[PDB]
Amino acid sequence: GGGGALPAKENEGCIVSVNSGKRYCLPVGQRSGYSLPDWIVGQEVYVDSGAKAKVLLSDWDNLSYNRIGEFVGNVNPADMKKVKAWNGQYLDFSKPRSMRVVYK
Amino acid sequence: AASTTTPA
Ligand SMILES: *[C@H]1O[C@H](CO)[C@H](O)[C@H](O)[C@H]1NC(C)=O
Ligand SMILES: *[C@H]1O[C@H](CO)[C@H](O)[C@H](O)[C@H]1NC(C)=O
Ligand SMILES: *[C@H]1O[C@H](CO)[C@H](O)[C@H](O)[C@H]1NC(C)=O
Ligand SMILES: *[C@H]1O[C@H](CO)[C@H](O)[C@H](O)[C@H]1NC(C)=O
Numbered sequence: 021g022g023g024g025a026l027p028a029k030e031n032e033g034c035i036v037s038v039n040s041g042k043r044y045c046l047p048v049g050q051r052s053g054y055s056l057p058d059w060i061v062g063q064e065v066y067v068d069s070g071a072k073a074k075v076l077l078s079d080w081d082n083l084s085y086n087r088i089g090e091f092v093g094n095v096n097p098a099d100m101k102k103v104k105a106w107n108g109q110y111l112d113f114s115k116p117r118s119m120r121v122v123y124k
Numbered sequence: 105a106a107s108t109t110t111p112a
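Note that the protein sequences, when read in sequence, are chains A and B.
Numbering-wise (the numbering used here), the first sequence opens with residue 21 and increments by one.
Numbering-wise (the numbering used here), the second sequence opens with residue 105 and increments by one.
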């Protein structure tokens with residue numbers, strides 16, 4: 021985050037709305053429901069992750085079909101797009117639907 | 105192997 025934004029804790033991974041600055045965060049070891057909460061699901065975000073955390077996102081529900089992109093640190097919104105996925109495709113994770121936070 | 109989604 022920029023100046024004044026509460027930082028992600030070291031073991032925490034967040035997605036931050038590009039429009040509002042509001043966030044959805046999980047500790048390392050947790051994942052979302054089948055989809056992210058309705059207020060953020062499929063909305064434009066960037067990752068803001070603490071030093072020990074890695075955010076796994078999917079553009080689909082339920083972290084599925086190896087459509088998984090990995091994000092660390094404080095990610096520029098444009099770097100959510102065209103990202104290498106586990107399944108060998110390059111996907112758009114700017115509007116994610118599901119999320120897991122793991123140790124980096 | 106991979107997580108899946110609900111069917112139609
Ligand atoms: C995908 O979902 C299943 C449950 O339906 C498991 O939570 C699995 O661990 C998930 N995959 C990832 C990458 O988090
Ligand atoms: C997705 O489909 C697989 C079959 O390949 C399993 O039935 C799995 O339980 C399904 N996951 C969910 C969340 O419905
Ligand atoms: C489950 O939903 C995803 C999108 O979230 C894909 O459409 C996938 O093809 C679906 N799986 C089934 C068995 O319909
Ligand atoms: C399956 O159900 C879930 C909610 O349980 C989602 O709505 C998902 O989008 C559904 N899958 C299909 C293919 O419509």
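All C-beta atoms, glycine included, are put in the ideal place defined by N, C-alpha and C.
Please classify residue i as buried or exposed, where buried requires at least 16 other C-beta atoms within 10 Å of its C-beta.
i       : result
A:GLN50 : exposed
A:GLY24 : exposed
CA-CA distance, residue i and residue j?
i        : j        : result
A:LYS102 : A:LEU76  : 15 Å
A:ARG43  : A:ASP81  : 19 Å
A:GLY21  : B:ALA106 : 32 Å
A:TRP106 : A:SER69  : 20 Å
A:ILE35  : A:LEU83  : 15 Å
A:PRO97  : B:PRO111 : 32 Å
A:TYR66  : A:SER40  : 12 Å
A:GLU64  : A:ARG117 : 10 Å
A:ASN86  : A:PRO27  : 29 Å
A:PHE113 : B:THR108 : 18 Å
A:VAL92  : A:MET100 : 11 Å
A:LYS104 : A:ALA73  : 18 Å
A:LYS124 : A:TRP59  : 27 Å
A:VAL95  : A:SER55  : 22 Å
Sort the options by Cα distance to residue i and report the nearest one.
i        : options                              : result
A:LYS115 : A:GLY21, A:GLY62, A:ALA73, A:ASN82   : A:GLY62
A:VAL48  : A:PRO57, A:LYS42, A:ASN39, A:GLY33   : A:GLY33
A:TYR110 : A:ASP79, A:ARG117, A:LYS74, A:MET119 : A:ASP79
A:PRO57  : A:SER37, A:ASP112, A:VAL122          : A:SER37
A:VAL121 : A:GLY53, A:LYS104, A:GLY41, A:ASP112 : A:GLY53
A:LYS29  : A:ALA71, A:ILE60, A:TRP59, A:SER55   : A:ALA71
A:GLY108 : A:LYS124, A:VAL95, A:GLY89           : A:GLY89
For residue i, verify whether its CB is less than 8 Å away from any heavy atom of ligand 6.
i       : result
A:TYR85 : Ligands displayed in this structure: ligand 1, ligand 2, ligand 3 and ligand 4; ligand 6 is not among them.
Practice problem: List in chain order the residues whose CB is within less than 5 Å of at least one heavy atom of ligand 3. | Solution: A:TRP80, A:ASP81, B:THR109, B:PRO111
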